[PDB]
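Just the one chain here, laid out as structure tokens, in the form deposited in one PDB entry.
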């Protein structure tokens, strides 16, 4: 016999202060008992388990579905935490094309990785006796049991340690571990590739591990995690939007799942309305009627999802490019590619929840998201193509009160273009009328007043019902914008309105803010000045609106 190299065991403990499992075994039928006796006899003959005595006080139930299945949920609750087997799911667009990709089944190695001997006593289990007239057969596992908390991570680390020198001494190939399968890609000739595959089978066999001489069952195109992987391209598994006379909540969640999923390669997917219908429902069986906007959006989706679209694999010798387009209602879409018309992937970004916003902030956020995704998938920031003029961005970031930055980018003339809709002056305007505004409300009756007095004698006070202080302050500024010329100075004491306007929004939840914005767009020059209230600043008349 050729001496098999031993696999180093991983020291495993239980959670602090906890003890091993002690669960009562379910009574089983005579047929099931016989089945488990045969199966456990074979497994003991192979060395996966070993018979133990009555000193072991731990027990884990056993079942037959025959097939033996051990329910380790209690021992899992009592087992220590392990480092994850994965920190994420690889994305197909990050894979690099290979001339040959081979699949090797290392499933037989799963029961060949030994378990820490001091921990084996916690895996004890009992087979009941026929009519329970004898003591049940007591076993404990000698290898990683399927279903135990620590089996995938220990198996993966053991396989990585075994594969490390082979991967080091063969840099012209790529070895990847996934579950109980190894994937080996290379650009060598098919003969050399199959040769080094045989070399890998031998190196693995030096630890006693067996790869099947039988041709593996997996073959192109690979179907994996909702993906299709082809020798030269990738895509998502076929996305079919069903025809429904009426739609329920689970149908809309299935549809938003299929659309969010299809959005990674199909450009232009929109999910705003369909996901908006699910707002504050929390009822899986509730039937929700579909708005007309959801019908336009869904029709556009069915038009985009008509024929298949594919993505290409990553080529590190070419540049990485990401182009963004605005879609409206806070929706943005983007394509990441290296050659024109051949996308690596696509995606979308929806604006965060907020009371006020503008397009430049949303474009910035989208660029940050694409940057993070790109660094995850490809390890580098892509060059951006953005629908915003250079001068627009420079004015924005030079005048913005916050620090902001976008990585290397260039302008692409693809409407709609992100633009600045208004810009407030830095100094008071000579020759323009000065509008002193104020508003006030009664906290109990919700009655208020909003108005202005100007340097030319112009005045206005409007009474309001069902209003607040903030509403009357905004309403005062709005009245000043309504009744003034193209150039106007505005004086307020409202820290609230100044806080809103200095955030520079072009869209808002409040229709009053939107009206103020629409007035600001029509003006040529607007200077907004703040003063402290109740300080006896003439013109600023708090008593005019408190009557």
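Numbering follows the first chain given and starts at 1.
Beyond what is shown, the protein has a form deposited with a small molecule bound; the following relates to that form.
355 is the sole member of 299, 87, 355, 284 with a non-hydrogen atom lying within 4.5 angstroms of the small molecule in the deposited complex. Shown without its partner, this chain lists 351, 78, 138, 121 as candidates; in the deposited complex, only 351 has a non-hydrogen atom within 4.5 angstroms of the small molecule.
Contact annotation for the candidate site: 164, 175 and 507 all lie close to the small molecule in the deposited complex (heavy atom within 4.5 Å). Within this chain, residue 327 is remote from the site of the small molecule in the deposited complex, having no heavy atom within 4.5 Å.
Mapping the unseen interface onto this chain, residue 160 counts among the residues with a heavy atom inside 4.5 Å of the small molecule in the deposited complex. Contact check for residue 272: a non-hydrogen atom falls within 4.5 Å of the small molecule in the deposited complex.
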